[PDB]
$ cat coords.tsv   # TSV, N, CA and C atoms
chain	number	residue	atom	x	y	z
A	2	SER	N	23.64	5.11	26.23
A	2	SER	CA	22.87	5.02	27.46
A	2	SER	C	21.50	4.42	27.23
A	3	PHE	N	21.10	4.31	25.96
A	3	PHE	CA	19.88	3.59	25.60
A	3	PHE	C	20.26	2.21	25.07
A	4	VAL	N	21.56	1.96	24.95
A	4	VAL	CA	22.05	0.69	24.46
A	4	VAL	C	21.63	-0.40	25.43
A	5	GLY	N	21.15	-1.51	24.88
A	5	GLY	CA	20.75	-2.66	25.66
A	5	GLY	C	19.36	-2.56	26.21
A	6	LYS	N	18.69	-1.44	25.98
A	6	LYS	CA	17.34	-1.26	26.50
A	6	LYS	C	16.32	-1.65	25.43
A	7	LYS	N	15.30	-2.37	25.87
A	7	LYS	CA	14.27	-2.87	24.99
A	7	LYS	C	12.98	-2.15	25.25
A	8	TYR	N	12.28	-1.80	24.17
A	8	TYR	CA	10.99	-1.10	24.26
A	8	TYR	C	10.01	-1.80	23.36
A	9	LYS	N	8.75	-1.89	23.78
A	9	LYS	CA	7.69	-2.50	22.98
A	9	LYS	C	6.62	-1.45	22.61
A	10	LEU	N	6.19	-1.46	21.36
A	10	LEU	CA	5.20	-0.50	20.87
A	10	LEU	C	3.95	-0.40	21.77
A	11	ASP	N	3.63	0.83	22.15
A	11	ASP	CA	2.49	1.14	23.03
A	11	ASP	C	1.42	2.00	22.33
A	12	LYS	N	1.87	2.99	21.55
A	12	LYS	CA	0.97	3.91	20.86
A	12	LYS	C	1.47	4.14	19.46
A	13	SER	N	0.56	4.33	18.51
A	13	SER	CA	0.96	4.58	17.13
A	13	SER	C	-0.06	5.47	16.45
A	14	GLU	N	0.43	6.40	15.62
A	14	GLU	CA	-0.42	7.26	14.82
A	14	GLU	C	0.15	7.37	13.43
A	15	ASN	N	-0.66	7.06	12.42
A	15	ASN	CA	-0.31	7.27	11.01
A	15	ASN	C	0.69	6.26	10.48
A	16	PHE	N	0.88	5.13	11.16
A	16	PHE	CA	1.78	4.12	10.62
A	16	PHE	C	1.17	3.50	9.35
A	17	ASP	N	-0.14	3.30	9.32
A	17	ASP	CA	-0.75	2.74	8.13
A	17	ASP	C	-0.47	3.67	6.95
A	18	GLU	N	-0.62	4.98	7.18
A	18	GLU	CA	-0.41	5.95	6.13
A	18	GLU	C	1.08	5.97	5.67
A	19	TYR	N	1.98	5.80	6.63
A	19	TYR	CA	3.41	5.73	6.33
A	19	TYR	C	3.72	4.54	5.47
A	20	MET	N	3.21	3.37	5.85
A	20	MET	CA	3.45	2.17	5.08
A	20	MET	C	2.82	2.27	3.71
A	21	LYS	N	1.63	2.82	3.64
A	21	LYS	CA	0.93	3.01	2.37
A	21	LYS	C	1.78	3.88	1.45
A	22	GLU	N	2.27	4.99	1.94
A	22	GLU	CA	3.09	5.89	1.09
A	22	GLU	C	4.39	5.24	0.65
A	23	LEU	N	4.91	4.38	1.51
A	23	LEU	CA	6.16	3.68	1.27
A	23	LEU	C	5.98	2.58	0.22
A	24	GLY	N	4.74	2.16	-0.02
A	24	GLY	CA	4.45	1.19	-1.06
A	24	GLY	C	4.22	-0.25	-0.57
A	25	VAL	N	4.06	-0.41	0.73
A	25	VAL	CA	3.75	-1.74	1.27
A	25	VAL	C	2.34	-2.20	0.85
A	26	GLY	N	2.25	-3.44	0.40
A	26	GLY	CA	1.00	-4.03	-0.06
A	26	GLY	C	-0.08	-4.08	1.01
A	27	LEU	N	-1.32	-4.26	0.58
A	27	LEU	CA	-2.47	-4.23	1.47
A	27	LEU	C	-2.38	-5.20	2.67
A	28	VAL	N	-2.10	-6.46	2.38
A	28	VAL	CA	-2.11	-7.46	3.44
A	28	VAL	C	-0.97	-7.22	4.41
A	29	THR	N	0.23	-6.97	3.90
A	29	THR	CA	1.38	-6.75	4.78
A	29	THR	C	1.20	-5.53	5.70
A	30	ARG	N	0.68	-4.47	5.13
A	30	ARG	CA	0.38	-3.24	5.82
A	30	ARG	C	-0.65	-3.46	6.95
A	31	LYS	N	-1.76	-4.12	6.63
A	31	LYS	CA	-2.76	-4.41	7.66
A	31	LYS	C	-2.19	-5.33	8.76
A	32	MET	N	-1.45	-6.36	8.38
A	32	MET	CA	-0.72	-7.19	9.34
A	32	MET	C	0.20	-6.30	10.17
A	33	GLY	N	0.93	-5.43	9.49
A	33	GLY	CA	1.85	-4.54	10.17
A	33	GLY	C	1.20	-3.59	11.15
A	34	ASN	N	-0.01	-3.13	10.84
A	34	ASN	CA	-0.74	-2.25	11.73
A	34	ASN	C	-1.06	-2.91	13.07
A	35	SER	N	-1.20	-4.22	13.09
A	35	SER	CA	-1.68	-4.86	14.32
A	35	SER	C	-0.57	-5.30	15.26
A	36	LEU	N	0.66	-5.40	14.74
A	36	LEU	CA	1.77	-5.93	15.51
A	36	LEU	C	2.18	-4.93	16.55
A	37	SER	N	2.86	-5.44	17.57
A	37	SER	CA	3.45	-4.65	18.63
A	37	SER	C	4.93	-4.98	18.80
A	38	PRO	N	5.77	-4.54	17.85
A	38	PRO	CA	7.18	-4.95	17.85
A	38	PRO	C	7.96	-4.38	18.97
A	39	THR	N	9.07	-5.03	19.27
A	39	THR	CA	10.08	-4.47	20.15
A	39	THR	C	11.24	-3.85	19.37
A	40	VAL	N	11.88	-2.86	19.99
A	40	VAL	CA	13.06	-2.21	19.47
A	40	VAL	C	14.15	-2.23	20.53
A	41	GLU	N	15.35	-2.57	20.10
A	41	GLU	CA	16.52	-2.48	20.97
A	41	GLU	C	17.74	-2.18	20.17
A	42	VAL	N	18.52	-1.19	20.61
A	42	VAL	CA	19.81	-0.87	20.00
A	42	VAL	C	20.92	-1.44	20.86
A	43	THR	N	21.85	-2.16	20.23
A	43	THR	CA	23.00	-2.71	20.95
A	43	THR	C	24.27	-2.22	20.29
A	44	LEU	N	25.40	-2.39	20.96
A	44	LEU	CA	26.69	-1.93	20.43
A	44	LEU	C	27.80	-2.92	20.77
A	45	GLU	N	28.63	-3.19	19.79
A	45	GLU	CA	29.75	-4.11	19.94
A	45	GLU	C	30.92	-3.51	19.21
A	46	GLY	N	31.88	-3.00	19.97
A	46	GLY	CA	32.99	-2.29	19.38
A	46	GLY	C	32.55	-1.01	18.68
A	47	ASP	N	32.85	-0.95	17.39
A	47	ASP	CA	32.52	0.19	16.55
A	47	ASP	C	31.12	0.07	15.90
A	48	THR	N	30.48	-1.10	16.03
A	48	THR	CA	29.28	-1.43	15.26
A	48	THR	C	28.01	-1.54	16.09
A	49	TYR	N	27.02	-0.75	15.70
A	49	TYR	CA	25.72	-0.75	16.34
A	49	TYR	C	24.82	-1.77	15.67
A	50	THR	N	23.82	-2.28	16.39
A	50	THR	CA	22.76	-3.04	15.76
A	50	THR	C	21.40	-2.52	16.27
A	51	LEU	N	20.54	-2.15	15.33
A	51	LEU	CA	19.17	-1.75	15.59
A	51	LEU	C	18.27	-2.97	15.30
A	52	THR	N	17.69	-3.55	16.34
A	52	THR	CA	16.92	-4.78	16.20
A	52	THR	C	15.45	-4.52	16.48
A	53	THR	N	14.66	-4.69	15.43
A	53	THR	CA	13.21	-4.57	15.52
A	53	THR	C	12.61	-5.97	15.34
A	54	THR	N	11.84	-6.40	16.34
A	54	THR	CA	11.34	-7.75	16.39
A	54	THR	C	9.85	-7.84	16.51
A	55	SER	N	9.26	-8.53	15.55
A	55	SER	CA	7.84	-8.88	15.61
A	55	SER	C	7.69	-10.39	15.77
A	56	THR	N	6.47	-10.86	15.89
A	56	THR	CA	6.27	-12.29	16.04
A	56	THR	C	6.63	-13.00	14.73
A	57	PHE	N	6.61	-12.26	13.63
A	57	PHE	CA	6.90	-12.81	12.31
A	57	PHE	C	8.34	-12.74	11.83
A	58	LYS	N	9.06	-11.70	12.20
A	58	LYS	CA	10.36	-11.41	11.59
A	58	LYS	C	11.19	-10.52	12.53
A	59	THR	N	12.49	-10.71	12.49
A	59	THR	CA	13.44	-9.83	13.18
A	59	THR	C	14.25	-9.13	12.13
A	60	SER	N	14.22	-7.79	12.12
A	60	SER	CA	15.11	-7.00	11.31
A	60	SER	C	16.22	-6.44	12.19
A	61	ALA	N	17.42	-6.95	12.01
A	61	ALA	CA	18.57	-6.59	12.84
A	61	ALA	C	19.60	-6.00	11.90
A	62	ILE	N	19.72	-4.69	11.95
A	62	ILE	CA	20.54	-4.01	10.97
A	62	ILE	C	21.72	-3.44	11.71
A	63	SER	N	22.89	-3.78	11.19
A	63	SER	CA	24.18	-3.39	11.77
A	63	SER	C	24.79	-2.28	10.94
A	64	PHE	N	25.42	-1.32	11.62
A	64	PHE	CA	25.91	-0.14	10.95
A	64	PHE	C	26.94	0.57	11.84
A	65	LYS	N	27.74	1.38	11.20
A	65	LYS	CA	28.65	2.27	11.91
A	65	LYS	C	28.00	3.65	11.81
A	66	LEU	N	27.91	4.37	12.92
A	66	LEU	CA	27.35	5.72	12.89
A	66	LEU	C	28.12	6.56	11.88
A	67	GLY	N	27.38	7.36	11.11
A	67	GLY	CA	27.93	8.29	10.16
A	67	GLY	C	28.69	7.66	9.03
A	68	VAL	N	28.40	6.38	8.73
A	68	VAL	CA	28.96	5.73	7.57
A	68	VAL	C	27.83	5.25	6.70
A	69	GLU	N	27.77	5.78	5.49
A	69	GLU	CA	26.70	5.46	4.57
A	69	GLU	C	26.71	3.98	4.25
A	70	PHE	N	25.53	3.40	4.18
A	70	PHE	CA	25.40	1.98	3.91
A	70	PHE	C	24.10	1.74	3.15
A	71	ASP	N	24.00	0.57	2.53
A	71	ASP	CA	22.80	0.21	1.79
A	71	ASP	C	21.83	-0.56	2.67
A	72	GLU	N	20.56	-0.16	2.69
A	72	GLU	CA	19.57	-0.78	3.55
A	72	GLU	C	18.33	-1.17	2.73
A	73	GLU	N	17.67	-2.27	3.12
A	73	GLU	CA	16.45	-2.74	2.46
A	73	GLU	C	15.29	-1.99	3.04
A	74	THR	N	14.34	-1.60	2.21
A	74	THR	CA	13.14	-0.92	2.72
A	74	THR	C	11.98	-1.91	2.87
A	75	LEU	N	10.92	-1.53	3.56
A	75	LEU	CA	9.78	-2.43	3.72
A	75	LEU	C	9.17	-2.86	2.41
A	76	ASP	N	9.25	-2.00	1.39
A	76	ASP	CA	8.64	-2.30	0.10
A	76	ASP	C	9.66	-2.96	-0.83
A	77	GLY	N	10.81	-3.33	-0.27
A	77	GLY	CA	11.75	-4.16	-0.98
A	77	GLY	C	12.68	-3.45	-1.95
A	78	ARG	N	13.10	-2.24	-1.62
A	78	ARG	CA	14.12	-1.57	-2.43
A	78	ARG	C	15.37	-1.55	-1.60
A	79	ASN	N	16.49	-1.27	-2.25
A	79	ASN	CA	17.79	-1.22	-1.60
A	79	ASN	C	18.31	0.20	-1.77
A	80	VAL	N	18.42	0.96	-0.68
A	80	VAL	CA	18.67	2.39	-0.79
A	80	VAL	C	19.77	2.83	0.17
A	81	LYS	N	20.45	3.90	-0.20
A	81	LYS	CA	21.54	4.43	0.60
A	81	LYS	C	20.92	5.03	1.84
A	82	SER	N	21.53	4.75	2.99
A	82	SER	CA	21.07	5.17	4.29
A	82	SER	C	22.26	5.59	5.14
A	83	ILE	N	21.98	6.39	6.15
A	83	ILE	CA	23.02	6.78	7.09
A	83	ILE	C	22.36	7.06	8.40
A	84	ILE	N	23.02	6.64	9.49
A	84	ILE	CA	22.46	6.81	10.82
A	84	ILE	C	23.44	7.60	11.68
A	85	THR	N	22.92	8.63	12.34
A	85	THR	CA	23.75	9.51	13.16
A	85	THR	C	23.15	9.71	14.54
A	86	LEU	N	23.97	10.20	15.47
A	86	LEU	CA	23.58	10.36	16.85
A	86	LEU	C	23.89	11.79	17.32
A	87	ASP	N	22.91	12.36	17.99
A	87	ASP	CA	23.02	13.71	18.54
A	87	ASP	C	22.37	13.68	19.91
A	88	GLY	N	23.17	13.47	20.95
A	88	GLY	CA	22.62	13.29	22.28
A	88	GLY	C	21.79	12.03	22.43
A	89	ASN	N	20.50	12.20	22.68
A	89	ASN	CA	19.60	11.07	22.88
A	89	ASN	C	18.74	10.83	21.64
A	90	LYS	N	19.10	11.48	20.52
A	90	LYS	CA	18.40	11.31	19.25
A	90	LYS	C	19.21	10.56	18.22
A	91	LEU	N	18.71	9.39	17.84
A	91	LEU	CA	19.32	8.61	16.80
A	91	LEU	C	18.53	8.85	15.50
A	92	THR	N	19.19	9.42	14.50
A	92	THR	CA	18.51	9.77	13.25
A	92	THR	C	18.95	8.92	12.07
A	93	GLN	N	17.98	8.38	11.35
A	93	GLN	CA	18.25	7.67	10.09
A	93	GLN	C	17.71	8.45	8.90
A	94	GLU	N	18.56	8.67	7.91
A	94	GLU	CA	18.17	9.34	6.67
A	94	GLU	C	18.32	8.36	5.52
A	95	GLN	N	17.24	8.16	4.77
A	95	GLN	CA	17.30	7.34	3.57
A	95	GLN	C	17.11	8.17	2.32
A	96	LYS	N	17.95	7.91	1.31
A	96	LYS	CA	17.87	8.56	0.02
A	96	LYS	C	17.03	7.66	-0.89
A	97	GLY	N	17.23	7.72	-2.21
A	97	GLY	CA	16.41	6.96	-3.13
A	97	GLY	C	15.14	7.72	-3.48
A	98	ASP	N	14.20	7.03	-4.12
A	98	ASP	CA	13.03	7.69	-4.67
A	98	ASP	C	11.81	7.68	-3.74
A	99	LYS	N	12.00	7.19	-2.52
A	99	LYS	CA	11.00	7.40	-1.48
A	99	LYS	C	11.71	7.87	-0.19
A	100	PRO	N	12.30	9.07	-0.22
A	100	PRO	CA	13.18	9.42	0.90
A	100	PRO	C	12.43	9.55	2.21
A	101	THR	N	13.10	9.10	3.28
A	101	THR	CA	12.51	9.06	4.62
A	101	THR	C	13.49	9.57	5.65
A	102	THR	N	12.92	10.08	6.73
A	102	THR	CA	13.67	10.35	7.95
A	102	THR	C	13.01	9.54	9.07
A	103	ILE	N	13.83	8.89	9.90
A	103	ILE	CA	13.34	8.25	11.11
A	103	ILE	C	14.18	8.71	12.27
A	104	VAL	N	13.53	9.38	13.21
A	104	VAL	CA	14.17	9.91	14.41
A	104	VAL	C	13.72	9.14	15.63
A	105	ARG	N	14.69	8.55	16.33
A	105	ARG	CA	14.43	7.74	17.50
A	105	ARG	C	15.00	8.44	18.72
A	106	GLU	N	14.09	8.91	19.55
A	106	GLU	CA	14.41	9.71	20.73
A	106	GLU	C	14.23	8.86	21.95
A	107	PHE	N	15.32	8.59	22.64
A	107	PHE	CA	15.27	7.77	23.85
A	107	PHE	C	15.24	8.71	25.06
A	108	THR	N	14.04	8.90	25.62
A	108	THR	CA	13.80	9.77	26.78
A	108	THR	C	12.92	9.10	27.82
A	109	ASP	N	13.00	9.59	29.06
A	109	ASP	CA	12.00	9.31	30.10
A	109	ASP	C	11.68	7.82	30.21
A	110	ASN	N	12.72	7.03	30.02
A	110	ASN	CA	12.61	5.58	29.95
A	110	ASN	C	11.64	5.08	28.87
A	111	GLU	N	11.48	5.86	27.81
A	111	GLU	CA	10.73	5.40	26.64
A	111	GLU	C	11.46	5.75	25.34
A	112	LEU	N	10.84	5.35	24.24
A	112	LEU	CA	11.39	5.61	22.91
A	112	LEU	C	10.28	6.26	22.13
A	113	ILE	N	10.56	7.44	21.56
A	113	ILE	CA	9.62	8.09	20.67
A	113	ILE	C	10.24	8.13	19.27
A	114	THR	N	9.57	7.49	18.32
A	114	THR	CA	10.09	7.35	16.97
A	114	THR	C	9.20	8.21	16.07
A	115	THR	N	9.80	9.15	15.34
A	115	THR	CA	9.05	9.96	14.40
A	115	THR	C	9.52	9.59	13.00
A	116	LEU	N	8.61	9.12	12.15
A	116	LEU	CA	8.91	8.79	10.77
A	116	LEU	C	8.29	9.80	9.84
A	117	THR	N	9.06	10.20	8.84
A	117	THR	CA	8.62	11.16	7.84
A	117	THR	C	8.79	10.51	6.44
A	118	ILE	N	7.72	10.55	5.65
A	118	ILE	CA	7.77	10.20	4.22
A	118	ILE	C	6.73	11.09	3.53
A	119	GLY	N	7.12	11.77	2.46
A	119	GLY	CA	6.26	12.79	1.87
A	119	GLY	C	5.69	13.77	2.89
A	120	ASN	N	4.38	13.91	2.85
A	120	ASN	CA	3.65	14.78	3.76
A	120	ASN	C	3.10	14.00	4.95
A	121	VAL	N	3.58	12.78	5.11
A	121	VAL	CA	3.17	11.88	6.19
A	121	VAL	C	4.13	11.98	7.38
A	122	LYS	N	3.56	12.16	8.56
A	122	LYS	CA	4.33	12.18	9.79
A	122	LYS	C	3.72	11.11	10.67
A	123	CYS	N	4.52	10.10	11.01
A	123	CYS	CA	4.07	9.02	11.86
A	123	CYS	C	4.80	9.07	13.21
A	124	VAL	N	4.07	8.93	14.31
A	124	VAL	CA	4.69	8.89	15.63
A	124	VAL	C	4.33	7.59	16.32
A	125	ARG	N	5.38	6.90	16.78
A	125	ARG	CA	5.26	5.63	17.45
A	125	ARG	C	6.02	5.66	18.77
A	126	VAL	N	5.26	5.36	19.81
A	126	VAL	CA	5.80	5.36	21.16
A	126	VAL	C	5.91	3.93	21.67
A	127	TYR	N	7.11	3.63	22.13
A	127	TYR	CA	7.47	2.33	22.68
A	127	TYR	C	7.80	2.50	24.15
A	128	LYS	N	7.15	1.72	25.00
A	128	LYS	CA	7.44	1.77	26.44
A	128	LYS	C	8.42	0.67	26.83
A	129	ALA	N	9.20	0.93	27.86
A	129	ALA	CA	10.19	-0.04	28.33
A	129	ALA	C	9.52	-1.36	28.65
A	130	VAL	N	10.16	-2.46	28.28
A	130	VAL	CA	9.67	-3.77	28.65
A	130	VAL	C	9.94	-4.03	30.15

$ encode --input "coords.tsv" --output "structure tokens"
Amino acid sequence: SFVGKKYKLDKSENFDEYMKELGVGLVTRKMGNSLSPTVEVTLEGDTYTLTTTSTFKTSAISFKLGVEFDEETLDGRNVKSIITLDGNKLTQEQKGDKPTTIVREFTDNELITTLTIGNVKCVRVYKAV
């Protein structure tokens, strides 16, 4: 029910800290802090695509819910990941040596994304385009 809906970043807290903990370099991180990306989840048959788009790059990652897969991280590692759905909450869990949780809650015609890495909690709100 959130499939095909596009949201653009409106509010952000602690993303710089999240990227810093994740190991993103100074320039990329500062560039990343200023962008206002869009997010859209689409579905084709059995396969979902989570597409995050900035003016610089589109990360379009395709996956089957509840099937472990290898995903690239912002700091350039390749780590086991799995994405699951529970109502209106899409959850991504990454293993490896910088484990993260990303919870994407599609409510009230918006998207609330909560990222966890170490003791860092980042909240990013995207409003409907």

$ residues_around --input "coords.tsv" --residues "stretch 21-38 of chain A" --least-positions-apart "2" --cutoff "7 Å" --atoms "only C-alpha atoms" --output "list in words"
residues 9, 10, 16, 17, 18, 19, 40, 53, 54, 55, 75, 76 and 99 of chain A

$ closest_residue --input "coords.tsv" --among "A:3, A:61, A:124, A:95" --to "residue A:107" --atoms "only N, CA and C atoms"
A:3

$ atom_distance --input "coords.tsv" --atom1 "atom CA of residue A:91" --atom2 "atom CA of residue A:129"
17.1 Å

$ residues_around --input "coords.tsv" --residues "residue A:45" --least-positions-apart "5" --cutoff "12 Å" --atoms "only C-alpha atoms" --output "list in words"
residues 4, 5, 50, 51, 63, 64 and 65 of chain A

$ select_by_dssp --input "coords.tsv" --residues "chain A" --states "strand (DSSP E)" --output "MDAnalysis selection string"
chainID A and resid 7:14 39:45 48:54 59:64 70:73 79:87 90:95 101:108 111:118 121:129

$ atom_distance --input "coords.tsv" --atom1 "atom CA of residue A:98" --atom2 "atom CA of residue A:80"
8.7 Å

$ atom_distance --input "coords.tsv" --atom1 "atom C of residue A:14" --atom2 "atom C of residue A:116"
9.2 Å

$ select_by_dssp --input "coords.tsv" --residues "chain A" --states "helix (DSSP H, G or I)" --output "PyMOL selection string"
chain A and resi 16-23+27-35

$ residues_around --input "coords.tsv" --residues "residue A:70" --least-positions-apart "4" --cutoff "6.5 Å" --atoms "only N, CA and C atoms" --output "VMD selection string"
chain A and resid 80 to 83
